[PDB]
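Before any questions on binding or motion, here is one chain by itself as structure tokens, the form deposited in one PDB entry.
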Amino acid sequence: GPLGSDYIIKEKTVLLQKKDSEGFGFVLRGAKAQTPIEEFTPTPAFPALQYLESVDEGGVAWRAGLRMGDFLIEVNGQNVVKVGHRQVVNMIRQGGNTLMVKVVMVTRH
């Protein structure tokens, strides 16, 4: 609006269960480095450090509703908003064939 940006925030929590011989069907990417010098502070435009750079059409994540550009908020009950990339990758791998994840999709109206 006249006083600042307006956004639509859609929160999606999904349970992904994959087979051994497949991936969850997405590529995770960090939007910024995580340094211990200063905490990442979330904003509506930039709600988390990790996001879905791409999602395989027809894959597990896709069928559950995850989409390219979704920001990762939680992995298996743990907040990942401020967490660096390798650590988040480890947390996801810790679950094996099961991944519970909350994401947010942000659009500017």
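Rigid core here is just the name for the largest C-alpha set that superposes within 1.5 Å across the two forms. Quick note: we count residues from 1 along the sequence shown, nothing fancier.
There is also a form deposited in another entry; it is not shown, and the following applies to it.
On a core-based superposition, does residue 43 travel 2 Å or more at its Cα between the shown form and the other one? For residue 43, whose C-alpha is compared between the shown form and the other one after core superposition, the shift is less than 2 Å.
Once the core is aligned, does residue 27 move its Cα by at least 2 Å between the shown form and the other one? It does not, since the residue 27 C-alpha is displaced less than 2 Å between the shown form and the other one after the core fit.
So the CA-CA distance for residue 34 and residue 12 moves by at least 3 angstroms in the other entry. Closer or farther than here? Those two alpha carbons end up farther apart in the other entry.
Given that the distance between the C-alpha atoms of residue 69 and residue 31 changes by 3 Å or more in the other entry, do they end up closer or farther than here? Compared with this form, residue 69 and residue 31 lie farther apart in the other entry.
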